[PDB]
Structures are given as C-alpha cells and as structure tokens.
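A.B. asks: Mind looking over this structure? Questions follow.
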C-alpha cells in the first residue's frame, strides 16, 4: 500500500498534467470562438445600429408620405504549477471577453428594442395605407 | 460580370450632374449607384486575391459614399478597405483605418472607434514598428474603453501601453500604469490571480532608482509563500532586489537562470532583465 | 467641434415655433434636432475630459427627447448621462439612472430595468454607502431576474443581498437568503460544486444563537469523507462549532489559521470570523 | 390607469364595428388597440406581482392579436403569458406555451419552436411530472435542433430523452439513444471529450440481457490506459462487469464506493447502480 | 523656515557619498546649512547640505545609505525646511556608533585602532547632523564599513539628534 | 520515517482528489460553450440579414416621396 | 514532500477560478438566449415592415 500510493498518486501527478492540459484544449476552442464571435458581434452590433439609422429615415418617409521518486513527485507539481499559470491566462481572456461582450449584449438589446418600437408604430401606419 | 467593366461604368456615372442633365434633382442616387458598383467590383477582386485592386476599389466606393452624404456606412466601407489592404500586397492599411476613425470619432461613435483604434496600434507595432505612435493609440483607446466603463477592455489596452513603455526606456511611466491597473483590479475578485504579474512587472521596471521603489512594492503585495500563484511573482523579485543592492551581476544573472525554470521568461522579461543586468555591470567598476 | 456653440444653437432650436416658423406643423422634427445637438456636444465634452459638461448635456438631450414623446431612446440617453456622471466628478449619477428605470419599468421592460437596477445598487453602495437602499434594489432586481427565469443572474443579486445583509448585523435574514438561493441551485448539476460556500456562509452567519442551527445546517449538507471541494465548506465549520460550543477562543482562532492555507480567507470571511471570535470572548468574560 | 378598467375598455373596442361606429372603414386596428390595452393591464398586474392576472391578461391581448392576423408578435405574447404563469403561482404555463409552439411551427420558425419546446418538456416533468409526454417533446425538439445544424442542442435534448428513458425501465432504448448521440459526437473531434460518459451510461443501462452487451460496449470503447478522461468511464465498468458476472454484491458495491471518490456519482448513476446491485442479489437468490 | 517642495535624486559622485550629506544645488542652499526632510506628519529626518553643480534646482540628492534609512524615493515629492541647531545643548560630546563590515566580500579579522577611527570620523563628518539610528558609510584605510548611531550625548543630556563638532568624542 | 511517509500519502490523495473534479468541469464546459456557439451562428445570420430587410424598406420609402 | 501538501491548494484555487468560469459563460447563455428571442423576433417585425414598405412603393412611387 505504501508504495502502491507513492507511485499510484505519482501516476496521478503525471495524469494531473493531461488533466490540466486537456483543459487548455477545451479552453482553446472556447477562446478561439469567444474571439471569433467577438468580431462577429461587432458586425452584428452594426446591424442594430444600421437599422437604428434607416428606421429613423424610414419613419420620416412614412411621415412625409402619410400627409528519486519524491524528487520527481515534486517536479510534477512544478509542472502542474506551470500549467496553473496557463489556466490563469485563459481565465483572463475568457473573463475579459465575457465582460466586454455582456455589456455589448446590453447595447444590442437596447437598440434592438428601440428599433422594434419604430417598426411596430410604422407597421401600424403602413398596413392601413396598404395596396 | 468583370470588375474592369464595372469600374468603367461606375466612373462614367460618378460625375456630379449639371445644366439640363442635373434637372431639378441631380440626386445622390448616381454617386450611390457608383458606390454599389465599386463594392461589387472590389468584392470579385477580393475573389481573385487581387487585394490591391479590391482595397483601392473599396476606397473608391467609400470615397464616393462620402460625396453621397452617409458618413456611417462609408466609415464601415473604409474598414472593409483596411481589411483588404491589411492582408494584401500594398499598404494604405494605416490610411483607411485613420480615415475610418476620423469618421467614428467625429460621428460620436467611440465604442467602435476604440475597437479599430486598438487594431491600429496593433498594426503600427507588429508592422510599421512605430512604438511611439502605437502607444499613443493604445492609450487614447484605453481612455475610450474606460469612458464606456468597459474596465476589461481598458485594462487590455493599458497592459499594452505599459508593456511597451518599458521597452522604450519609459520605466517609471510603466510602473505608474501597472500601479493604476493594479489598484483598479483588486476591487474585482475575478482578477486577483492576474494582479500578481502586474506587481512583478512594476517591481521590475526601474527608472534608474536605487532605493526601495520595488522593495516597497513587493511589501505592498500581500502574499503568503504557500500560495504559489504569488511564487510566480515576488519571490524572484526579492532575490533580484538583493542582487542589485550589492552590485552582483552574478546572483541576478543566476536567479534569472533558475527562475527561467519554474516559469519561463517571455521576450519582455528577457529584454528588461538584461537592461537591469547592465545597470549592475556599469555600476560595479565605476 | 465647438460644443459651446452647439449647446447655444441647441436651445435656440428647442422651442415650440410660432408665427411663420410654425406654419401648420412644428415640434418633433425640431426638438429631435436639438437632442442630436446636445448629444454631439456631450460627446466632445467627453473627449475634452470635462465629464460634468458632458453629463449635464446628455441630461439636456434626454429631457428634451421626452418633450417629443420617445421614452425609449430617451431612457437610453439617460443611461449615457449616468455613465457620464459615474466616471465623472459630480453627482447625478444616481438621478440619471433613476430616470432611466422609471421609464424602462413602466414601459414593461424589466429585463433591462434590472440591468441598470443592479448597476444602481452597486453605485449606491460602493459610493453613497447607502446599504439600506442598495439591498432594496439588489433584491427587487433579483425578483425581476427570477421572473425571466434568469436564475444565475437572480442568484448573483441574491448573493449581493445576503452578503451585505450579514454585514448590516442582519445575520438570520442572511442565512435565510442563503437557504433560498441554495434550494434553487441544486437541481442544476452546474451549481452543485458551488452550493458549498452557501452552506458555509449560512452556517457562519449567527443571529447570536446559543445552540445548533449551524450544527443542524452542517448536517443538512451532503458531504462524503472522500469529497474534495466539501473540504472547503463544512469540514472547517464542524471544528468551528466545537470551538464555539466550548467557548474556547484558542481553538477557533487556530483552526482559522490552518484553514487560511488550503483556502485563503476573503475580506468577508475575515470580518465575520473575527465577529464570532469576539462573541466567544464576550461569553467567556461574562 | 386602472387595470380592470383597461380590461373593460379593451372589451369595449374588441368587437366588429357596426351602425354609425363602423362608418366607412372597418376596425382591423380596434382589435390591435385592445391588444395594446390588455398589454397595458398585464403591465401593472406584473407590477404588483399579481402575475396570475398579468398572465390571464396577456392571454387576452394574445388571443385578440390572432383575431387581427399577426401570428408573429402574437405568439411572442403567448410567451410573455407563459413566463408570467410560470413564475406565477397558478398553472396555464403549459397551455400558453403549447399555443406558442403551434404558431412558431406553422409560421416557419422551428429554431424558436424548439427553444420553447425544451422549456415545455422541462416543465411537464419538473412540475406536472408527466414524463411520458416530456420525453416525446424532448425528442421532437432534439429533431428540430438536429435540423438547424444545431448539433449540440440536439444532443442536449437527446441526453434528456435517454436519461429519463432509463429511469422509466426503457433501458435498451436508452443505450440505443446513447449510441446515436455517441456516433454523432465523434464527427467532431471537439466532442471526443464527452463521448465517454455516453459509453458509461449505455454500458450501465441493462435491459436484463444474458449476454455481454456491456462487456461488448466497453470493448467497442477505444481507450488507452494512460488516458485520463477515459479512466472515468470504462475502467470502473469492467470491474462492475466482473462483479456482476460473478454474482458478488460486495465487489460491485465497494467498487462503486471507490469510484465515488475519483468521480462523484450523480443522482442518475446512483439510482441505476442500485438497480444493478439488486439484480446481483436477485440472481444469487433467483 | 516655512518650507518648499523638492524632488529626491541620486548622489552625484562617490565623494559626496562618503560624507553623509544631502547634496543640493548652489542656486538653492549653501554647504553648511541644515534641513529637515518631511515625508510624513510623523516622520522627520535631519540632514546636512552640500551643494554641487550636477544637482538641478528644486531637488535634493541623497546617497544609497541615507536613501535606505529615511526611506525616500527618486521621483516622489518631499518638503524640505531649514533647521537651526542649538549648539548650546545639541552639540555631540559622546556618540556611540555600531560598526560592521558593509561589504560581506571584504571581511577580515585584522585589528583596527578605534582611537584613529574617531579621529578620522570627526575630521570628515565635522559640522554635520546625526540622528539616533542613522545609517551611513565610513571610509577608513580604503575599507568600507556600516556605521549605525546608537546613542548621542551633549558636551549629560541624551539627545535624539546632534551636531558633530571638532572636539566630538566618539565611541 | 513512516509517519511522514503515511501523512504524505494522506495529503497527496486529498490533492489528487480535488484535481480530478476540476477536470470534470472543463468537460461539461466544452459541451456548454459549443452548445452556445451554435446559438450565435444563427444570430450573426439573422442580424446582418435583417440589415438587408430594413435597408430595402428604408430605400423603397425614400423613392416613394421624391 | 512539503510541495505535495502545498501544491494541493495551487489547484483548489483554480477549482474556484473555473467555478466562476463555468458560471460566467452560462450567464452569457441566458443573456444571449433572451436576446435570441427578442432579436430574431425583432427582424420578424421587420419582415412585416419590408412587406408594408414594399407595397407603399407599388402605389405612391
């Protein structure tokens, strides 16, 4: 048991790597997207802004027209440590991407709604002058 | 079908109507028509990877788009142009972007202005190698992000500013930035982990100080050895502060060698550590 | 370019026209123009770093927008004003937001109302130090979030509520909140691991009880000796409950010293721990 | 602005006009006016937290909207009604949502139809406890997701289907679902990661087979010992298969106690593991 | 008297670093005057001035030792004010100092006559201010040491800060 | 010394334990973020396209007054 | 040796980092989930405006 633990747990330290390494792989796909999506939402936000503009004009037109075993076991830890730093790297990129976009969602939701109203009002004045 | 044909038709219509042809309403429908033409051309140019032609074409459509009276859509067109030129053959990548921000900024759109502002400072460094002009942008942009309460982005920029400020000898101006970005990081228990590296950078950046500018900054740093995250921060520092106060360019140059084990040094650290390495040598036999 | 000129023209146009200016129609088209003017001014006042001017300017454009009937975009303007005063030097940061919510709320927009509602309680606490009103907001806001079934968000706010409820002596009312937020966070296996801290906080918060409650809550908690995370919750608590029931202010302040290694104590914990540490002595020397 | 008053006037205008009222044109807008009224009512109903009434109000504005020809914004109203009743104290949360999907479905909006479809099957289970219909919905919903290229979500629902299918005796149908969701997961080497647990669940689910359906399922599983994710799936299984093939309700009951260390056993696993723990004794005593 | 804002700097040359004196500009003060550096409303330090061209107007340069005692910083802002001593009851008549090899690189066991140390110390640090617990460097026979004031007496009244004169007896 | 060798193991496992679970989170993570990634691919679609629907409307309205 | 009993918290600290990372992302899901029902539903009304604006074109233009 004594050795079945100083080695088995040692295998866990070795595994402790792929465990925190597979996490990076899982983090990459996330970050890679969070970044890709970040730029996407930029062109997406343009939509809420593009519509925000046109609607103003559209409304006006509708208004104008409407009217050594332990030595290694100690090293593996250092390995985990070096990787722990990485976990911080992603934790920040993921964090700064989350907070920057959440607030972006706010602006999107705002303008999107603001324009929704203009569409409804215009749709109630246009539907009548149909055909 | 061909872009070379479209550019031609677009040209023969992008002319302010006058006299009888102008009639009662010359209309901006012509200039806009041409804009749509050039956009259609620039795109197929972007197909044959002609880039150069794509970009210059977009510049045309956008330029006319200004004569149309619609600064917004034009601005984003300038962005399209920048996107072409950037990953292209010629330059203008810097021009288009400047021509875009001059529009977003004056239009009252800082939120996006900073978005392209950082892209700008990001190119003016990794390409033009114009650090002095890059930092100015990383900074002004961070001011905008900080204006939009977007702490996160603002810090992303500040790190760049200070990060490259120390490279341009601006060490004190660097530590100040690290101190600010460091204080405005504790209020958020979601940055605690990162707050270390900040203190490490700031304690490393030295404006030729000989005192405890760092020996005091290391103390301000609340740490408890069995924390680790922190071990990758002040531990080494302490050992560096002793090696400097004793003009020993061997204890410091050895510590950088050992520390480069538990935590590899990036190009930044390498360059600075070497500068500090020289501040010792020139000081010993002087 | 010239804000001081725009503000002037701004007021010179925002006025129900008459005589030959009014003709047959007049109002909306004009007042809106003024709204755009003041927005344009407030913007450069923002780059000018005046803030105060920018804020009051947005207040102007905002108030004006209402005189045109457009509560929506208006309220969003009040948000801009709030953002201004916030990262500015004067007050009004709280007023703008109240004027924003009074609109979003009555408009049937609770999803965004809560968005600025939490921002509100956040300023009213971090700045105004008005905890009694802040809690009222964090709570009502959480109710809105809970209505949208935005669980996580609602919990964020509740955590705020309880967290600042234990600081205001309201210990019992805090544990209750931790219980609610604990029962509505078990069905989701993405919050299992987290339900611990809740039980830890709830067990720490003592309404000066002289018995179980905490010894009962620690029991209600599901733990296993092989648990990993649970080691950072009740395992400590038990030892604390024993150091309390035995009025031993030597075993409590010791175990907290050990725990401050495997899981560092945040400001909150420290504050309450010291409070409990005092209750022990206040039972010894009595 | 009295609620019940609005509810009255709304009724005064929600009716085909006639006499001098009808005049020249009809009233396709009258019905819309009424919808806006009831909405205004449900607003203040949601204010006083009387939800129930708010929901019943939205049902009215929504039903009326249909009598106008506007399925879109109508269905959205049915959603508001559902969110109301849901967070409210009465039922109806099931009716509004069904009346919502029939619209999102007939119209051509399956993305959103499935979005509410999962909410539905989730309520018909955690509330009404009607799994026989919940599964039906979880499934049809996953089908829609699987047609929107939306693979993940499709699987999200499938997991629910099989998950609650095995908890209803449908053990075999469950392993089959796990096989499908397991095959449609390898195509994405970005899912390789979760494709384990599926094999674990499938190997655990037993329709009382006398062969080695599990010893075969664990074989089909490509695993490598040094692997980590995998050690949390088949490794245990093998040991469980041996403890079953040897009618030993001790090695199995102890192996499930050990695995519970390295990997916490959720509710599901527990229930099923116990079912197998009884099949062993039952086979010993058969 | 009233005071004036200044900026901490670095010691010009080693010569001024072996005298334990706050180097300043000739366009501000003069070699001989005394001042009191103010960094906090609870921390008051007294130094001796010594002009030098290298120094820039509106700043006081200190040596490494001093800067490791007063806890200053080349860049921060300090308030320096003129200070006058009362030679009638502040002159040092017997000041004890703790000496120890400054550099661990030059550590020997050879004998060092103290009488000769107190004769060269008063001949180099004459007409200067010293405080209880002050740190500095001493150059004796091309050998650097680390002094540390322990007690200061007048020519008996124990004083926190005194002025080393010619007939100053050091131990 | 046995005592230290046994106490060692005790702390090592308690460490090994906490590890394995943290790994469990990323697994579920990659399954969540991706399930959300597809929920955005349609957004970008419905957005830049809605810009076309609105652009076509604002254009027709203008040419309906001049 | 001590590194083992020590490094133990070097991860228990990260176990908390992800605990928030898993929550942060999930909080965005709901923010984007609702935005998915108001943004898509938004253009839905735009479709009504596209049809209405198209007809006002075949009558007054």
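Every residue, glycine as well, gets a Cβ built from its backbone with ideal geometry; the counts of neighbours run over all protein chains shown. Taken together, the values in this text are just the output of simple stated rules run on the coordinates, not laboratory data.
A.B. asks: When both residues are 6+ apart or on different chains and their Cβ atoms are under 8 Å apart, which pairs have a first residue that lies in region B:146-158 and is closer than 12 Å to residue B:111 by Cα, and a second that is assigned to a loop (DSSP other than H, G, I, E, B)?
C.D. replies: B:146/C:87; B:147/C:87; B:149/C:87
A.B. asks: Take the residues of region D:264-275 that are surrounded by 12 or more Cβ atoms within 10 Å (Cβ to Cβ) and not in a helix (DSSP H, G or I): which is farthest from the other protein chains (Cβ to nearest Cβ)?
C.D. replies: Here the residue is D:265.
A.B. asks: Continuing with the same structure: List the number of the failed condition for residue C:43; all other conditions in (1) surrounded by fewer than 24 Cβ atoms within 10 Å (Cβ to Cβ); (2) outside any loop (DSSP other than H, G, I, E, B); (3) away from chain B (no Cβ under 11 Å) hold.
C.D. replies: (3)
A.B. asks: Still on this structure, please answer the following. For residue C:113, work out the one condition from (1) surrounded by fewer than 18 Cβ atoms within 10 Å (Cβ to Cβ); (2) within 14 Å of chain D (Cβ to nearest Cβ) it doesn't fulfil.
C.D. replies: Residue C:113 satisfies every listed condition except (1).
A.B. asks: Going by the structure shown, is residue A:17 more than 10 Å from chain F (Cβ to nearest Cβ) and closer than 22 Å to residue F:19 by Cα?
C.D. replies: So residue A:17 fits the description; yes.
A.B. asks: How many residues does region C:84-97 hold that are more than 17 Å from residue C:63 (Cβ to Cβ) and part of a helix (DSSP H, G or I)?
C.D. replies: Here the count works out to 1.
A.B. asks: Just for region E:95-105: of the residues that are surrounded by fewer than 16 Cβ atoms within 10 Å (Cβ to Cβ) and assigned to a loop (DSSP other than H, G, I, E, B), which one is farthest from the chain's Cα centre (by Cα)?
C.D. replies: The qualifying residue farthest from the chain's Cα centre (by Cα) is E:105.
A.B. asks: Still on this structure: Which ones in region A:1-12 are at the interface with another protein chain (Cβ under 8 Å from one of its Cβ atoms) and crowded, with 16+ Cβ neighbours inside 10 Å?
C.D. replies: Selection gives A:5, A:6, A:9, A:12.
A.B. asks: I've got another one for you. Among the residues of region F:1-23 satisfying the criterion of being more than 7 Å from every other protein chain (Cβ to nearest Cβ) and either assigned to a helix (DSSP H, G or I) or within 21 Å of residue C:227 (Cβ to Cβ) (or both), which is farthest from the chain's Cα centre (by Cα)?
C.D. replies: Ranking the candidates gives F:3 first.
Each row is one residue, and each column tells you yes or no for (1) away from chain F (no Cβ under 13 Å); (2) surrounded by fewer than 18 Cβ atoms within 10 Å (Cβ to Cβ).
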site	(1), (2)
A:62	no, no
A:69	no, yes
A:73	no, no
A:78	yes, yes
A:83	no, no
A:90	no, no
A:95	yes, no
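A.B. asks: Pick out the one residue from D:128, D:68, D:97 that is farther than 24 Å from residue D:30 by Cβ and crowded, with 16+ Cβ neighbours inside 10 Å.
C.D. replies: D:97
A.B. asks: Still on this structure, I have one more. Among the residues of region D:159-170, which ones are within 18 Å of residue D:276 (Cα to Cα) and surrounded by 21 or more Cβ atoms within 10 Å (Cβ to Cβ)?
C.D. replies: Scanning region D:159-170 gives D:162, D:165, D:166.
A.B. asks: When residue A:28 is evaluated against the numbered criteria (1) within 7 Å of chain F (Cβ to nearest Cβ); (2) closer than 29 Å to residue B:80 by Cα, which criterion, by number, is the only one it fails?
C.D. replies: (1)
A.B. asks: Could you please find all residues in region A:40-51 being surrounded by fewer than 18 Cβ atoms within 10 Å (Cβ to Cβ) and more than 8 Å from chain F (Cβ to nearest Cβ)?
C.D. replies: Within region A:40-51, A:42 is the sole residue that qualifies.
A.B. asks: Please determine whether any residue of region D:225-234 is surrounded by 17 or more Cβ atoms within 10 Å (Cβ to Cβ), within 23 Å of residue A:22 (Cα to Cα), over 29 Å from the mean Cα position of the chain (by Cα) and within 14 Å of chain C (Cβ to nearest Cβ).
C.D. replies: no
A.B. asks: Another one. Just to verify a result, which residue in region F:29-66, among those that are at the interface with chain G (Cβ under 7 Å from one of its Cβ atoms) and under 19 Å from the mean Cα position of the chain (by Cα), is farthest from residue D:111 (Cα to Cα)?
C.D. replies: F:29
A.B. asks: Another question about this same structure. How many residues, within region B:171-196, are crowded, with 19+ Cβ neighbours inside 10 Å and either under 19 Å from the mean Cα position of the chain (by Cα) or closer than 26 Å to residue B:129 by Cα (or both)?
C.D. replies: 6
A.B. asks: Right, another one. Look at residue B:261 and say whether it is exposed (fewer than 13 other Cβ atoms within 10 Å of the Cβ) and assigned to a helix (DSSP H, G or I).
C.D. replies: yes
A.B. asks: Just to check your reading of the model, which residue among C:105, C:76, C:126 is under 22 Å from residue G:27 (Cβ atoms) and within 10 Å of another protein chain (Cβ to nearest Cβ)?
C.D. replies: C:126
A.B. asks: In the set C:249, C:256, which member is assigned to a loop (DSSP other than H, G, I, E, B), crowded, with 16+ Cβ neighbours inside 10 Å and away from chain D (no Cβ under 14 Å)?
C.D. replies: Exactly one of C:249, C:256 is assigned to a loop (DSSP other than H, G, I, E, B), crowded, with 16+ Cβ neighbours inside 10 Å and away from chain D (no Cβ under 14 Å), namely C:249.
A.B. asks: Separate question: Suppose we filter A:101, A:124 for residues that are surrounded by fewer than 20 Cβ atoms within 10 Å (Cβ to Cβ), assigned to a helix (DSSP H, G or I) and within 12 Å of chain F (Cβ to nearest Cβ); which single one remains?
C.D. replies: A:101
A.B. asks: What's the number of the condition residue C:48 fails, among (1) within 12 Å of chain B (Cβ to nearest Cβ); (2) within 25 Å of the chain's Cα centre (by Cα); (3) surrounded by fewer than 24 Cβ atoms within 10 Å (Cβ to Cβ)?
C.D. replies: It fails just one condition, (2).
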